[PDB]
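Before any questions on binding or motion, here is one chain by itself as structure tokens, the form deposited in one PDB entry.
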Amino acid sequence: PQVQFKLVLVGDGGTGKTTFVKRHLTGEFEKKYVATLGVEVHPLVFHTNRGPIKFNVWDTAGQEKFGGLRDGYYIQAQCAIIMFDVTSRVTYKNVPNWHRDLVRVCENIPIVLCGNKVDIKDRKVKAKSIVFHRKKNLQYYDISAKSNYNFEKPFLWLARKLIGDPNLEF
């Protein structure tokens, strides 16, 4: 146990935020879409080359009628992940919303954008159409909670950014 940082997870309903976290924590894949209600805070520890680093992950429900305080969960956050699904074109349309909301409440925090479920037959959201991250100078990683493709890449980059050590290894 050591530093501990507040991490905010935002995005449309069903883009697999809860499943991404449940995996990292337990290491199992969840199948049913049980809608999240408000937030579920989860601690994640990462034994780095610089010691253990902890992540209080605020798994906020991005379903319209289920977010609790919404903006209020962003309170004093120090890093964020904005997630969307490549099966739903709509979720990438709504990324700039999840973004405006975050930077407004807590400016200057490192944010990683994440296109989930790349393991699914055909991506409606083509990897070349993803340009938002470049207009708002954020990192991107297409990922999958069933496939584990880039499983730790977003955490590693955040961890790298907060501690200010590009050589930081998980």
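Numbers for residues come from their place in the sequence shown, where the first is 1. Rigid core here is just the name for the largest C-alpha set that superposes within 1.5 Å across the two forms.
Compared with the other entries of this protein, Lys136 is frequently left unbuilt, missing from a third or more of those that build its neighbours.
Annotation for 120-128 versus 103-111: the higher mean temperature factor (C-alpha) is found in 120-128.
In this crystal structure, the stretch out of 22-30 and 62-70 whose C-alpha atoms carry the higher mean B factor is 22-30. Per the deposited record, the Cα B-factor of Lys146 falls in the highest third when ranked against the other modelled residues of its chain.
Keep in mind the form deposited in another entry is missing from the figure; the text below concerns it.
When two forms of a protein are overlaid on their rigid core, residues whose CA moves 2 Å or more are considered shifted, and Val41 is not one of them between the shown form and the other one.
After superposing the rigid core, the C-alpha of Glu30 moves by 2 Å or more between the shown form and the other one.
After superposition on the rigid core, the Cα atom of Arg123 is displaced by less than 2 Å between the shown form and the other one. Between the C-alpha atoms of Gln63 and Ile120, a gap widened by no less than 3 Å is obtained in the other entry, as opposed to the form on display. Contraction of the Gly27-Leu44 CA spacing by 3 Å or more is recorded in the other entry, set against this form.
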